[PDB]
Amino acid sequence: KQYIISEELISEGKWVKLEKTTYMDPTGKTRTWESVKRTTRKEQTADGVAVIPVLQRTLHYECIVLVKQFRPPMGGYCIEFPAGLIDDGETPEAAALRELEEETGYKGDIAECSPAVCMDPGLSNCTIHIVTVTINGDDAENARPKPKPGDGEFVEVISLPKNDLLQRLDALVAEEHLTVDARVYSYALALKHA
Amino acid sequence: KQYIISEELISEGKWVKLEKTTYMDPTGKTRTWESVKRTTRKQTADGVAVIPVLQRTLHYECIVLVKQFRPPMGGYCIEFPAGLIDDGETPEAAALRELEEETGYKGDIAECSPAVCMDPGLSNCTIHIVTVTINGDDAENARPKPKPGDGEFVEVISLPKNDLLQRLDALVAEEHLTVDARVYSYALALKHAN
Ligand SMILES: O=c1[nH]cnc2ccc(F)cc12
Ligand SMILES: O=c1[nH]cnc2ccc(F)cc12
Ligand SMILES: [Mg+2]
Ligand SMILES: [Mg+2]
Ligand SMILES: [Mg+2]
Ligand SMILES: [Mg+2]
């Protein structure tokens with residue numbers, strides 16, 4: 001029984017905007033909230049995709065393919081699933097395969113696509129689809145993968161074994177100032193907890 | 001070999017601000033990024049998110065989640081119990097406190113992540129992911145008393161760990177809720193550990 005009453009623009013950049021949200025609380029009292037949105041969302045069912053890329057190779061343990069890059073908002077390097085915004089008219093699956101090839105060089109196969117899931121719902125309306133993709137690392141096309149990074153894109157690939165992901169992430173965090181993404185960490189914790 | 005040169009305040013609310021970050025790209029070219037930050041960090045991270053593993057003998061292990069209206073999303077979200085870390089509170093103490101306020105359950109700390117980023121292309125927001133076990137057979141967890149702060153209105157949803165991804169997909173399809181990306185990532189890895 002809660003709902004939005006109004007959304008007032010506070011400040012609008014090229015990429016991000018701040019809004020004052022008025023909503024009805026369950027007691028029937030009007031309250032406000034400071035909300036972040038992207039300016040880039042048209043008809044996409046989500047802002048972006050994140051890819052869970054499972055690298056599969058005969059007589060190898062499965063690896064989870066990750067990317068390391070400088071994130072200006074963090075003032076530092078972050079370890080994340082490959083990810084990007086969905087272009088206008090692009091499907092989440094095409095966006096996922098495209099961003100995975102651009103960021104890692106690998107050509108994946110779709111396994112499954114989540115519904116739109118929320119990035120930080122107390123702060124922002126941002127959403128992604130989480131797209132699971134398998135990579136046949138025995139295919140010649142996946143032998144010597146070269147990232148195809150766009151303008152102002154500078155991405156390092158880190159493939160870690162699924163069977164040891166949390167400890168391998170911990171070893172990278174111990175050896176440097178970097179930040180692991182919360183989704184990557186959540187995924188690694190569940191692999192341990194299973 | 002990338003770094004921050006300057007941060008320009010664009011707009012400062014009570015809770016959130018928008019900044020224009022100037023940074024050095026790895027080619028030696030100066031570039032700008034629109035960044036979001038919270039105004040409330042004075043802590044290891046902005047917040048905590050709790051993975052609450054409800055353990056009851058002769059029952060399936062459950063993950064305890066919360067459903068709340070999220071003004072930025074304009075709708076109801078399913079999330080790990082979570083909130084901001086109080087000035088001079090430890091992440092572990094914030095985790096047990098928020099779990100009790102949001103669910104009424106009294107838990108034990110199992111493990112605590114390093115600070116992990118929420119949406120590092122958008123914001124500098126970080127949390128600690130705190131794994132907590134709940135002895136659902138203890139008298140203190142018989143009839144759990146959730147203590148909502150002013151303007152919090154939280155429903156508790158306990159789902160079985162070994163079916164988590166299927167149960168969340170079902171809630172999305174029937175209830176038109178948005179699942180949190182960390183919750184979804186956790187659920188995926190429980191299935192992928194196979
Ligand atoms: O208006 C808000 N925006 C973002 N985070 C918030 C956290 C607490 C609060 F009461 C209000 C807000
Ligand atoms: O300045 C940005 N802020 C947030 N997201 C962005 C996504 C792509 C881009 F080129 C620029 C931005
Ligand atoms: Mg990207
Ligand atoms: Mg990209
Ligand atoms: Mg909360
Ligand atoms: Mg509180």
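Residues numbered from 1 in each chain as written, not as in the entry; some residues may be left out. Chains lettered and ligands numbered in written order. Heavy atoms only, no water. Residues with missing side-chain atoms left out of burial classes, pairs and counts.

The record names X-ray crystallography as the way this model was obtained, at a resolution of 1.5500 Å.

J.: Please clarify how the overall build of chain A should be interpreted in this entry.
T.: If you tally the helices and strands in chain A, you get three helices and 12 strands. In terms of overall dimensions, chain A has a C-alpha envelope of 60 × 35 × 30 Å along the principal axes. Considering only contacts within chain A whose residues lie at least 6 apart along the sequence, 54% involve residues at least 24 apart. (Helix = DSSP H or I, 4+ residues; strand = E, 2+ residues; numbered from the N terminus. Contact = heavy atoms within 4.5 Å.)

J.: Where do I start with the site of ligand 2 in this structure?
T.: All residues adjacent to ligand 2 are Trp15, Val16 and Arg38 of chain A together with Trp33, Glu34 and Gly121 of chain B. Chain contributions to the surroundings of ligand 2 come from chains A and B. At 3.0 Å, a side-chain N or O of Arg38 of chain A approaches a nitrogen atom of ligand 2. Within the side chain of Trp33 of chain B, an N or O atom sits 3.3 Å from a nitrogen atom of ligand 2. If ligand 2 stood free it would expose 300 Å²; the protein chains cover 80% of that surface. Grouping the amino acids of the shell around ligand 2 by side-chain chemistry returns three nonpolar, one polar and two charged. (Near = heavy atom within 4 Å. Polar contact = N/O pair within 3.5 Å; in protein donor to acceptor, adjacent residues only side chain to side chain. Areas by Shrake-Rupley, 256 points an atom, 1.4 Å probe, with all protein chains shown as cover. Nonpolar A, V, L, I, M, F, W, Y, C, P; charged D, E, K, R; others polar.)

J.: Which parts of the structure should I look at to understand the coordination of the magnesium ion (ligand 3)?
T.: Around a metal, the idealised angle for a tetrahedral arrangement of four donor atoms is 109.5 degrees; for an octahedral arrangement of six donor atoms it is 90 or 180 degrees. Residues and elements named next belong to chain A. For the magnesium ion (ligand 3), the protein coordination sphere consists of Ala83 (O) and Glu103 (OE), at 2.0 to 2.1 Å. A separation of 3.1 Å is found between the magnesium ion (ligand 3) and the magnesium ion (ligand 4), both of which receive a donor from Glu103. Taken together, the residues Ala83 in strand β7 (residues 83–85) and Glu103 in helix α1 (residues 92–104) connect sequence positions 20 residues apart. (Donors = N, O, S within 2.8 Å, 3.2 Å for Na, K, Ca; no water.)

J.: Is there a simple way to explain the UniProt feature "binding site: Mg(2+) 1" in chain A in this structure?
T.: Residues and elements named next belong to chain A. Here the UniProt feature "binding site: Mg(2+) 1" sits at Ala83 and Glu103. The largest pairwise C-alpha distance within this set of annotated residues, which runs over 21 residues, is 8.2 Å, so the set is compact in three dimensions. Excluding residues that lie within four positions of it along the chain, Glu103 makes contacts with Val67, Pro82, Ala83, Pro147, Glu153, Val155 and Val157. (UniProt positions renumbered as here; feature names shortened; annotations may be inferred.)

J.: What am I meant to see in the site of ligand 1 here?
T.: For ligand 1, the full set of nearby residues is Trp33, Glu34 and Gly122 of chain A together with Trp15, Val16 and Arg38 of chain B. Neighbouring residues of ligand 1 are not confined to one chain but are distributed across chains A and B. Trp33 of chain A places a side-chain nitrogen or oxygen 3.2 Å from a nitrogen atom of ligand 1. Contacts to ligand 1 include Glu34 of chain A, whose backbone N or O atom sits 2.7 Å from an oxygen atom. Tallied by class, the residues present in the shell around ligand 1 amount to three nonpolar, one polar and two charged.

J.: Hey, could you run me through the coordination of the magnesium ion (ligand 5) in this one?
T.: All names here are of chain B. On the protein side, the magnesium ion (ligand 5) has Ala82 (O) and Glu102 (OE) as donor atoms, found 2.0 to 2.1 Å from it. Here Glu102 lies in helix α1 (residues 91–103) and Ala82 lies in strand β7 (residues 82–84), a separation of 20 residues in the sequence. The same class applies to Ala82 and to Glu102, which are both buried. (Buried < 20%, exposed > 50% of the residue type's maximum accessible area, 1.4 Å probe, protein only.)

J.: Looking at this model, I keep getting lost on the nonpolar core. Mind explaining?
T.: A general tendency of soluble globular proteins is for nonpolar side chains to be buried together. Within the largest apolar cluster, 66 residues are counted, with the highest numbers of intra-cluster contacts made by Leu66, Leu165, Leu169 and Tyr187 of chain A together with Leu168 and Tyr186 of chain B. Leaving out residues up to four positions away in the same chain, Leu165 of chain A has contacts with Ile64, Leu66, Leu160, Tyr187, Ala188 and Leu191 of chain A. (Core = buried A, V, L, I, M, F, W, Y, C linked by side-chain atoms within 4.5 Å.)

J.: Teacher, can you tell me more about the pattern of salt bridges here?
T.: Pairing between side chains becomes possible if they bear opposite charge and their charged atoms approach one another. The final tally for this structure, using the stated rule, is 31 salt bridges over all chains. When the shortest N-O distance is used, the salt bridge between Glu102 of chain A and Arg98 of chain A registers 3.3 Å. Placement of both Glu102 of chain A and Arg98 of chain A in helix α1 is noted, with a separation of four residues, approximately one turn of the helix. The partly exposed category is assigned to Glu102 of chain A, whose relative accessible area is 22%. For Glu7 of chain B, the salt bridge goes to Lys37 of chain B, with nearest N and O atoms at 3.0 Å. Linking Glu7 of chain B in strand β1 (residues 3–12) with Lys37 of chain B in strand β3 (residues 30–38), this pair joins segments that are 30 residues apart in sequence. In this structure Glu7 of chain B comes out as partly exposed when scored by relative accessible area, which is 43%. Connected via shared salt-bridge partners are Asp87, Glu90, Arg98, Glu99 and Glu102 of chain A. (Salt bridge = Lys/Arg side-chain N within 4 Å of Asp/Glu carboxyl O.)

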